[PDB]
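Let's start with one chain on its own, the form deposited in one PDB entry, as structure tokens.
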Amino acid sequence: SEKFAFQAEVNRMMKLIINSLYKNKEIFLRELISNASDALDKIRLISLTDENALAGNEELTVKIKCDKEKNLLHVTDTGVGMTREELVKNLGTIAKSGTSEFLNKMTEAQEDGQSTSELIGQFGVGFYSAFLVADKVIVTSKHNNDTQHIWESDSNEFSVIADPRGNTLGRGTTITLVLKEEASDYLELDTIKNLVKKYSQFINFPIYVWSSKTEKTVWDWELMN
């Protein structure tokens, strides 16, 4: 277990994003789904050049799960996943060149009254908007080139640890949101299914929500797109 501070610019970026989307919190789920989609594209593109790419997990899905009792929301993809060093660098620092650009266009647009939600989506920085609804964000990731690890943060710092549960994802990433008290509605299946549907019509991968039929109850993955 290693402890880390966020880079200064990521602290600023977190605040810009939270402020930009404060009255549209639900866009957090849009961005998590987009990130999962990009991750599935990446492994799909890798499988064109590497016969083993999918060996760790033969599926390509996004699977969402509400856990009312533990107050958790889980967004799981079987995409490319992240190595330990990518968990640290990609989430904890300004890692790409596009991210800096985003910082400039965001502040210029935000002073000029121009729309910013598109900026967040364009540059793929929406991960941080999970903090509008969660007190704790947890990222479990398994990448073909590393062992499974857990990233966790309350936004005031983050830590990364080897997952003691070993390789349970096979390949891919689970974003786990410890929801704020004011965000318990994101644990309701009807809420989540409408949002998931709303945000997944463009995803070139199937997206499922763990749902109940129903005194007899049957739970199963329900395709959303």
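Throughout, we count residues from 1 along the sequence that is shown. Only residues modelled in both forms are compared. For the two forms, the rigid core is made up of the largest set of C-alpha atoms that agree within 1.5 Å on superposition.
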Quick check on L103: across the other compared entries (only those modelling residues on both sides), is it unmodelled in a third or more? yes
Quick check on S129: across the other compared entries (only those modelling residues on both sides), is it unmodelled in a third or more? no
Residues of the deposited chain absent from the coordinates between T214 and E215 total 10 or more
If you take the mean CA temperature factor per stretch, which one wins between 62-70 and 34-42? 62-70
Should the higher mean CA B-factor in the entry be assigned to 13-21 or to 202-210? 202-210
Criterion, highest CA B-factor; candidates, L132, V125, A109, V137: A109
Taking the Cα B-factors listed in the entry, which of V178, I175, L189, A162 comes out highest? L189
Among all modelled residues of this chain, ranked by Cα B factor, put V88 in the bottom, middle or top third, i.e. lowest, middle or highest. lowest
Among all modelled residues of this chain, ranked by Cα B factor, put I150 in the bottom, middle or top third, i.e. lowest, middle or highest. lowest
Position of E118 among the chain's modelled residues by C-alpha B-factor, lowest, middle or highest third: middle
By the record's CA B-factor, is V75 among the lowest, middle or highest third of residues in the chain? lowest
Place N156 in the lowest, middle or highest third of its chain's C-alpha B-factors, as listed in the PDB entry. lowest
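There is another form of this protein, the form deposited in another entry, and it is not shown here; the text below is about that form.
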Shifted position (C-alpha, 2 Å or more, core held fixed) between the shown form and the other one, chosen from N71, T99, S155, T83: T99
Verify the C-alpha shift of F123 between the shown form and the other one: is it 2 Å or more after superposing the core? yes
Against the rigid core, is the Cα displacement of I207 between the shown form and the other one at least 2 Å? no
After superposing the rigid core, is the C-alpha displacement of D135 2 Å or more between the shown form and the other one? no
Between the shown chain and the other structure, the Cα gap of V10 to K63 differs by 3 Å or more. Is it closer or farther in that other deposited form? farther
Direction of the Cα shift between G121 and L195 in that other deposited form, where the change is 3 Å or more: farther
Moved regions between the shown form and the other one after rigid core superposition (C-alpha shift of 2 angstroms or more, 3 or more residues per run) are 1-20, 94-125
